[PDB]
Amino acid sequence: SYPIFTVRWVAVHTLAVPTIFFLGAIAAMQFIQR
Amino acid sequence: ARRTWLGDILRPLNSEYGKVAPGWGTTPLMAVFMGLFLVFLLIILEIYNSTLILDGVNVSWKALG
Amino acid sequence: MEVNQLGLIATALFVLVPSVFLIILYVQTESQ
Amino acid sequence: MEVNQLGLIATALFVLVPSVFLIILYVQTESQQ
Amino acid sequence: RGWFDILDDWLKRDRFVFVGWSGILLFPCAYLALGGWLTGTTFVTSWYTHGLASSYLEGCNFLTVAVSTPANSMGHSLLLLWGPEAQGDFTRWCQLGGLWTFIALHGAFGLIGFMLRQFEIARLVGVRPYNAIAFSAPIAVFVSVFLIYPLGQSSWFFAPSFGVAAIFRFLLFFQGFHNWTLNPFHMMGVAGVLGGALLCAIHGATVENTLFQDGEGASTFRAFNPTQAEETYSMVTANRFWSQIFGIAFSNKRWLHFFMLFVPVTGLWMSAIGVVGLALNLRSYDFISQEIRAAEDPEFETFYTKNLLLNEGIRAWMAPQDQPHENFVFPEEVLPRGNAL
Amino acid sequence: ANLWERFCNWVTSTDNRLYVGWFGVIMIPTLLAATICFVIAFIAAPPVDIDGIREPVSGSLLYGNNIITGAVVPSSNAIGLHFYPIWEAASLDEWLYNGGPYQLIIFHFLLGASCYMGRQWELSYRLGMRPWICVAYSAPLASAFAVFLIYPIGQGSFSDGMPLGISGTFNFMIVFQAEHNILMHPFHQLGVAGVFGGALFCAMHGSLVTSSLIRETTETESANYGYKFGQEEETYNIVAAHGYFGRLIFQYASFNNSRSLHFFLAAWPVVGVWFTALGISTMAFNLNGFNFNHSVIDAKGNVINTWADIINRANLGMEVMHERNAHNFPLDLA
Amino acid sequence: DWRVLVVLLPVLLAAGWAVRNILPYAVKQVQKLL
Amino acid sequence: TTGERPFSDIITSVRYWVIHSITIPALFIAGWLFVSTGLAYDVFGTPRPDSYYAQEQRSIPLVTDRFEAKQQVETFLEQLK
Amino acid sequence: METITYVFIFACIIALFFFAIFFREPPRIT
Amino acid sequence: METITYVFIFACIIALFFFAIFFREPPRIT
Amino acid sequence: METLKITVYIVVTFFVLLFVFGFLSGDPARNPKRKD
Amino acid sequence: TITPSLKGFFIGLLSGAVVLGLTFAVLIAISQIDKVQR
Amino acid sequence: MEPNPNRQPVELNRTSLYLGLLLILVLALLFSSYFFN
Amino acid sequence: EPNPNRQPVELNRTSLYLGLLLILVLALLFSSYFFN
Amino acid sequence: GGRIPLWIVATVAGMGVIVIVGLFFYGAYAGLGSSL
Ligand code: CLA
Ligand code: CLA
Ligand code: CLA
Ligand SMILES: C=Cc1c(C)c2cc3nc(c4c5[nH]c(cc6nc(cc1[nH]2)C(C)=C6CC)c(C)c5C(=O)[C@@H]4C(=O)OC)[C@@H](CCC(=O)OC/C=C(\C)CCC[C@H](C)CCC[C@H](C)CCCC(C)C)[C@@H]3C
Ligand SMILES: CCCCCCCCCCCCCCCC(=O)OC[C@H](COP(=O)(O)OC[C@@H](O)CO)OC(=O)CCCCCCCCCCCCCCC
Ligand SMILES: CCCCCCCCCCCCCCCC(=O)OC[C@H](COP(=O)(O)OC[C@@H](O)CO)OC(=O)CCCCCCCCCCCCCCC
Ligand SMILES: CC1=CCCC(C)(C)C1/C=C/C(C)=C/C=C/C(C)=C/C=C/C=C(C)/C=C/C=C(C)/C=C/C1=C(C)CCCC1(C)C
Ligand code: OEX
Ligand SMILES: [Cl-]
Ligand SMILES: [Cl-]
Ligand SMILES: [Fe+2]
């Protein structure tokens with residue numbers, strides 16, 4: 001008996017979800033050549 | 001304490017210390033003037049700032065003539 | 001008027017210093 | 001040097017007025033106990 | 001048991017991250033300031049406002065990436081997304097500097113929210129609100145530097161841009177143009193920050209080195225108990241030590257910890273005031289007596305005159321690239337330069 | 001009862017109002033020599049040819065300086081790292097022109113200040129204390145060694161050591177930026193973090209303790225009279241301070257252990273200032289800040305400026321103006 | 001354009017996958033809220 | 001101590017990682033694509049390496065009007081078509 | 001005059017040091 | 001500056017008069 | 001000058017020897033707890 | 001008369017209103033479901 | 001009429017006098033150059 | 001070991017008033033000569 | 001429930017950071033932003 005979805009759950013995913021996406025976009029960028 | 005003629009005249013203006021209307025009283029009505037006043041301050045600000053532009057409102061010194 | 005401009009500071013300290021001395025003595029008197 | 005004449009009076013008072021204030025309050029503190 | 005009270009109940013529940021009424025202002029605005037800065041520094045350029053690249057996408061690194069200020073031509077425009085400049089075009093909004101105002105304004109309302117949170121939690125817990133009070137110092141710095149300073153100037157363009165090296169550029173600008181190091185309000189800030197850092201270190205070291213032996217182990221951390229009544233270090237030995245080493249010491253733990261609040265807070269407040277002056281170009285740029293003597297006497301040289309030659313270099317050499325809207329063209333022959341260099 | 005042993009007892013006595021000690025035996029003369037020479041030089045020294053080009057810089061009050069512009073000026077570039085005590089000059093007049101007093105002051109100060117740090121160990125031992133307060137002071141001390149000794153050694157001249165004055169300080173830090181891009185150096189960035197963070201945690205700790213003082217007084221008296229020097233009970237409620245600060249962030253970002261908390265207070269500004277002293281000490285050997293000048297170019301190869309290029313334009317204006325008469329050849333290699 | 005569905009398909013699958021793996025436990029929490 | 005589930009107990013749990021070994025890579029790949037497709041350039045207006053200047057150009061296309069600024073950058077972008 | 005002012009203030013600070021150290025309120029226990 | 005100074009001192013005396021009269025040590029019959 | 005040089009060499013040697021021999025005079029024993 | 005920036009203003013005013021009302025609609029709802037006992 | 005009951009004694013201890021004088025003297029030391037300009 | 005010769009010093013209000021008047025009138029008198 | 005020992009999570013996570021950060025430093029030398 002613990003909740004799964006909390007205010008806590010929301011603040012965490014507020015930050016972590018776009019962090020990864022952002023990390024992926026920045027990884028892709030190391031291979032851009034001019 | 002010293003009683004004075006003027007003191008006896010003003011007396012009732014300083015006689016209701018502590019008296020309140022019950023509950024929320026007029027708070028909901030206050031909130032409406034507060035909301036209106038914000039929008040109006042916004043307009044005033046944005047006119048001065050030139051992100052609100054209005055016909056015949058020329059926000060320049062050139063409005064003195 | 002082409003006055004002595006050290007006169008302002010001489011006059012000011014002439015007043016301030018001895019007056020402060022008196023005030024200090026008087027106040028410490030009133031508190032004992 | 002060609003320096004602001006009033007700098008002197010300003011500095012002296014800047015020092016003197018707040019210092020005398022503090023001394024006045026200290027000395028009358030000691031006369032209590 | 002009306003609804004306002006029900007929501008108050010819910011806002012003020014004890015949970016891993018407290019919410020509060022202040023959370024309604026704080027959390028959206030904090031997240032949006034922070035999100036705007038990560039968004040602009042990853043993806044958004046400064047080509048059209050500044051003639052600069054400024055995102056990871058363009059090949060910048062963490063030191064050179066920035067959310068740059070709007071073009072000088074925008075004046076002090078709020079640069080609302082729906083405003084007459086961007087006319088609702090997200091893309092144009094980004095290219096015109098809209099994320100700068102986004103970040104600065106949501107940041108300012110987050111700061112308020114955060115300070116209201118310090119007030120709200122302190123009232124619910126029953127402690128005095130000195131941590132909110134202390135936080136007035138960061139607020140003063142933020143408003144005076146990011147808001148007041150450029151509002152006194154021609155445009156937002158001249159505020160700090162939100163980036164590591166853009167901030168370094170801001171420091172150098174203030175030296176060349178404002179001679180900011182000469183400013184007594186900055187000097188008091190310096191003493192407040194440096195004296196803060198000293199107090200922080202000397203208080204920490206003293207406690208750790210006047211500890212009472214309350215446990216048998218060589219790691220002394222284990223032998224504290226957050227609910228013990230007893231002081232965990234000797235104020236007495238601390239005081240004799242510092243009286244004998246430095247001549248004076250603290251004797252009063254309350255005064256000491258208030259002084260620790262007092263010093264860095266005041267220092268920041270003083271620097272804020274000086275930047276307000278520079279909003280108006282009201283600098284301590286010069287000493288008049290020095291300039292009169294030096295104009296007349298070519299053998300008279302001080303560190304004050306040496307530093308203004310450097311300011312003069314800075315201005316002529318950085319101005320054209322740092323203020324592109326001015327279309328400064330300085331032919332080689334007008335640039336100030338010493339011998340050989 | 002013997003003479004030497006009674007002397008040793010007085011040197012190391014815990015009963016002197018100010019502790020002397022064996023480190024004190026070197027500290028006191030050297031800091032008196034450095035202090036006395038500094039005060040006299042600041043007021044009345046004549047101008048000094050810092051840069052070795054027969055262009056003397058006026059540093060003292062009687063030669064037309066104020067408190068903000070005055071300085072003891074560094075010794076001559078013509079001397080470099082040569083030792084220049086008084087007795088090596090034909091006369092005091094020469095010693096003054098060439099900047100002798102700077103050398104006297106910085107060597108006596110760095111000695112006395114090193115002994116200051118040792119004196120901190122010593123009295124700690126005589127009083128039954130733990131010993132590492134002196135380790136915290138090594139951070140400022142390392143910083144003073146960097147700008148007065150290490151940077152001159154690496155650049156080959158005390159003329160490039162930090163001036164002993166307010167505007168001389170600024171001159172040093174502007175020229176440093178042009179020659180080393182110190183802003184873009186990670187160790188200086190850690191100094192700023194150590195120093196901003198230090199002032200932050202100072203304010204935090206002081207506001208938290210102050211927020212949780214236990215009521216011992218009335219509204220007409222300073223709260224400070226609620227603590228009596230030497231009382232055994234702690235004077236604030238740490239659980240209340242933990243309870244507020246952990247809710248201001250979340251529980252586990254807050255300290256309930258006062259020992260860890262105060263050790264944190266000590267280590268953050270000390271380590272940051274170690275690194276920034278290390279910054280000056282390694283830029284002394286010209287391992288300079290990150291250089292990203294023209295690092296971004298476009299598909300054709302046009303340079304696309306960044307904020308680092310703007311910093312460079314400002315550094316360039318510092319470079320070309322400083323010591324405007326001292327360079328005859330195109331590169332400023334020290 | 002088509003790039004947006006490209007970009008968004010992993011995120012949709014990710015939420016889809018997590019919805020499926022957690023749905024049973026999420027209803028036990030919702031029932032407990034009275 | 002407040003009633004949410006301990007973090008140490010979530011990130012060691014088998015159920016946790018069953019979801020997040022999908023959700024993490026999907027987001028990392030979603031972000032990749034955002035760039036590799038070119039979409040990031042278009043959403044944000046960010047110049048590509050070939051489009052800061054026109055071929056024989058060395059003028060920055062600096063915005064210089066407040067209320068015509070949108071039209072200005074649109075002009076500079078056709079000067080590359 | 002400005003020289004005298006600067007040195008005078010500095011001299012006052014040094015004197016203050018003397019009294020602050022040797023003529024302090026002596027801390028007393030409990 | 002000289003005019004201001006003379007007027008200031010004169011003004012202080014007039015204020016002294018006021019306190020010395022109305023805020024004197026009251027004489028009592030011990 | 002040579003008289004000044006001599007004088008300083010002497011004063012310095014004096015203080016440095018006080019220091020060396022002071023610490024050689026059983027410094028570990030001059031603490032409040034365990035003397036040796 | 002009714003200029004474009006005036007339209008933008010009303011756009012912004014309604015968007016803020018939507019955002020704040022939506023925000024408070026959600027909080028009123030949650031706070032009714034998950035109440036403290038007493 | 002009674003004498004006023006809100007009157008209170010004022011204190012400045014010796015440490016506060018030392019701190020206060022240092023503040024003023026150091027303040028004067030800093031701003032004096034700017035006053036002379 | 002406190003000194004037995006210490007005495008408290010007094011200046012009453014009337015003496016302050018007289019003393020201030022003396023100073024102010026001396027200032028008003030000599031100030032003209034100081035400005036010259 | 002508590003099946004993956006925490007030390008394994010930390011090592012894999014830790015190595016995952018090293019990897020991405022390493023890619024970013026490799027990119028300082030290749031492609032955009034390399035000076036080449
Ligand atoms: C409380 C949180 C909060 C706060 C304080 C702000 C504050 C701000 N935002 Mg941010 N924003 C937020 C949340 C917040 N935002 C959220 C959640 C999002 C995501 C959607 C955004 C997205 C966002 C964007 C995209 C932008 C802003 C912008 C702004 C600025 C201008 C706002 C404005 O003009 O409002 C105007 C509107 C109001 C003040 C609302 C007043 C409401 C009145 C009182 C009621 C009116 C009711 C209505 C008329 C009645 C019904 C009418 C009828 C049709 C039935 C300001 C700094 C702009 C900015 O930063 O500019 C650069 C901008 O471009 N915000
Ligand atoms: C000994 C060196 C030294 C020292 C100690 C200082 C100290 C100071 N300088 Mg000075 N400076 C120096 C040298 C130095 N300076 C030199 C040589 C120059 C060249 C002229 C300058 C130029 C300079 C400028 C241009 C400015 C200063 C400013 C300041 C103050 C900064 C106050 C502060 O904390 O801002 C930090 C910022 C804030 C407190 C604002 C709010 C911060 C919020 C709380 C941020 C929250 C972050 C958020 C939670 C998330 C971030 C996450 C993200 C990073 C991932 C401080 C008094 C500033 C000043 O005086 O301001 C009034 C200023 O504008 N200095
Ligand atoms: C906001 C901007 C900012 C900030 C916060 C800082 C912060 C800092 N800078 Mg940077 N800097 C900046 C901008 C900034 N800088 C800019 C724009 C430039 C280029 C123009 C520089 C150029 C620069 C240089 C060139 C140097 C710094 C240094 C430093 C550090 C100075 C503090 C220090 O050394 O303490 C350390 C402590 C001390 C120096 C104190 C020593 C104390 C001795 C031991 C005792 C003295 C006793 C005294 C004489 C008597 C007192 C007793 C009393 C009774 C009289 C600090 C980390 C310095 C550094 O890293 O030095 C290591 C350094 O040399 N900065
Ligand atoms: C650069 C230095 C600096 C930083 C980064 C900083 C940061 C912080 N100080 C805080 C607190 C404090 N600071 C204090 C004193 C001080 N703080 C100082 C200097 C700083 N303080 C100084 C020198 C002092 C001494 C007086 C106190 C007393 C406190 C606290 O009580 C508080 C705390 O809890 O600390 C433990 C925190 C406030 C959190 C917050 O508002 O979240 C909410 C976040 C919001 C509202 C978003 C703000 C957005 C900002 C303003 C604009 C955007 C910034 C970009 C996203 C990032 C840009 C990065 C580029 C510039 C490189 C935060 C960690
Ligand atoms: C042998 C080497 C010895 C080194 C000699 C150095 C002595 C000088 C040190 C300070 C003497 C003056 C302190 C007076 C003030 C005084 O006596 O304070 C004494 C005060 C005592 O505090 P307590 O906690 O006892 O006070 C409790 C209550 O009384 C408060 O009301 O100490 C402090 O507050 C510590 C913080 C003051 C920190 C001030 C130090 C800054 C001094 C340096 C600034 C100099 C700038 C000068 C530029 C020209
Ligand atoms: C720099 C200071 C940190 C020093 C390290 C020591 C801290 C001391 C801790 C207290 C005593 C010891 C307890 C040790 C325990 C310890 O050190 O921490 C461990 C703790 C994990 O706790 P669990 O609940 O997993 O387990 C209980 C622990 O006590 C295990 O021992 O870590 C977390 O808090 C993870 C959450 C961070 C992620 C939160 C992200 C969401 C934030 C969004 C909101 C933003 C911020 C608020 C808005 C302003
Ligand atoms: C480098 C390093 C050394 C220490 C160890 C460590 C592993 C931490 C490490 C690595 C850390 C790294 C590189 C961290 C990088 C983290 C990054 C890139 C995270 C990015 C997070 C981004 C987020 C949230 C973005 C949020 C964006 C939002 C709201 C934008 C909102 C909006 C905007 C901006 C405009 C209006 C519209 C809308 C939607 C309202
Ligand atoms: O002396 Mn001082 O400053 Ca180091 O570099 Mn080369 O030398 Mn001079 O020049 Mn740049
Ligand atoms: Cl120079
Ligand atoms: Cl050369
Ligand atoms: Fe403490």
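Just so you know, ligand 1 is whichever comes first in the structure, and atom 1 is the first atom listed for that ligand. Chain naming here is simple, since letters A, B, ... match the order of the sequence lines and numbering starts at 1 in each. As a basis for the values below, the full set of heavy atoms in this structure was taken, side chains included, without hydrogen atoms, waters or symmetry mates.
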_Region of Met162(F) that comes within reach of ligand 3 [heavy atoms, distance under 4.0 Å]_ =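 For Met162(F), no heavy atom sits under 4.0 Å from ligand 3.
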*Side chain, backbone, both or neither: which part of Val193(E) has a heavy atom under 4.0 Å from ligand 3?*
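Neither part.
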*Between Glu301(E) and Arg324(F), does a salt bridge (charged side-chain N to carboxylate O under 4.0 Å, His left out) hold up when you go through it step by step?*
CA-CA 13 Å; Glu301(E) 180 168 30; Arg324(F) 70 212 174 266; 2.9 Å; yes
*asked:* Pair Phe168(E), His188(F) - check ring pair (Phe, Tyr, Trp, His ring centres under 6.0 Å), show working.
replied: CA-CA 12 Å; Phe168(E) 299 157; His188(F) 184 259; 7.7 Å; no
Protein contact for [atom] (heavy atom, distance under 4.0 Å):
{"atom": "atom 21 (C) of ligand 5", "answer": "yes"}
{"atom": "atom 16 (C) of ligand 3", "answer": "yes"}
{"atom": "atom 59 (C) of ligand 3", "answer": "yes"}
{"atom": "atom 7 (C) of ligand 5", "answer": "yes"}

Evaluating non-hydrogen atoms only, which member of [options] is closest to [atom]?
{"atom": "atom 14 (C) of ligand 5", "options": "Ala20(I), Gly247(E), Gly20(M), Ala249(E)", "result": "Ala20(I)"}
{"atom": "atom 5 (C) of ligand 5", "options": "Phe246(E), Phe17(I), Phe10(I), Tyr227(F)", "result": "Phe246(E)"}
{"atom": "atom 39 (C) of ligand 3", "options": "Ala178(F), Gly189(E), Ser143(F)", "result": "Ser143(F)"}
{"atom": "atom 43 (C) of ligand 3", "options": "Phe109(F), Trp180(E), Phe170(E)", "result": "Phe109(F)"}
{"atom": "atom 23 (C) of ligand 3", "options": "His185(F), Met173(F), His180(F), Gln177(F)", "result": "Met173(F)"}

*Just jot down the ligand 5 atoms closer than 4.0 angstrom to any heavy atom of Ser16(M), in number order.*
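Taking each heavy atom of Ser16(M) in turn, ligand 5 has 31 (O) under 4.0 Å.
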*Starting from atom 44 (C) of ligand 3, find the nearest protein heavy-atom neighbour and note its residue, name and distance.*
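Of every protein heavy atom, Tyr137(F) OH, 3.7 Å lies nearest to atom 44 (C) of ligand 3.
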*asked:* Please check: side-chain N/O of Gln120(F) versus main-chain N/O of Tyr137(F), any donor-acceptor pairing under 3.5 Å?
replied: no
*For ligand 5, is there an atom lying under 4.0 Å from some heavy atom of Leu19(M)?*
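The answer is yes: ligand 5 sits under 4.0 Å from a heavy atom of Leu19(M).
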*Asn13(M) near ligand 5, heavy-atom distance under 4.0 Å?*
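Heavy atoms of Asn13(M) do come under 4.0 Å of ligand 5.
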_Flag side-chain contact, heavy atom, 4.5 Å: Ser13(F) against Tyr19(F)_ =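 They are not in contact (no side-chain heavy atoms under 4.5 Å apart), so the answer is no.
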*Compare all side-chain heavy atoms of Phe176(F) with those of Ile280(F) and state whether any distance is below 4.5 angstrom.*
yes
*Describe, in one word, how the ring planes of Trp180(E) and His186(E) are oriented to each other, choosing from parallel (under 30°), tilted (30 to 60°) and perpendicular (over 60°).*
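Because their plane-to-plane angle lies in the 30° to 60° range, the rings of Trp180(E) and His186(E) count as tilted.
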*Over 60° means perpendicular and under 30° means parallel, so classify the ring planes of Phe259(E) and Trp255(E), tilted if in between.*
tilted
*Can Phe107(F) and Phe158(F) be said to form a ring pair (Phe, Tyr, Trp, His ring centres under 6.0 Å), step by step?*
CA-CA 11 Å; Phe107(F) 303 158; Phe158(F) 287 113; 5.7 Å; yes
*Do the two ring centres, one from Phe250(E) and one from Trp242(E), sit under 6.0 Å apart?*
no
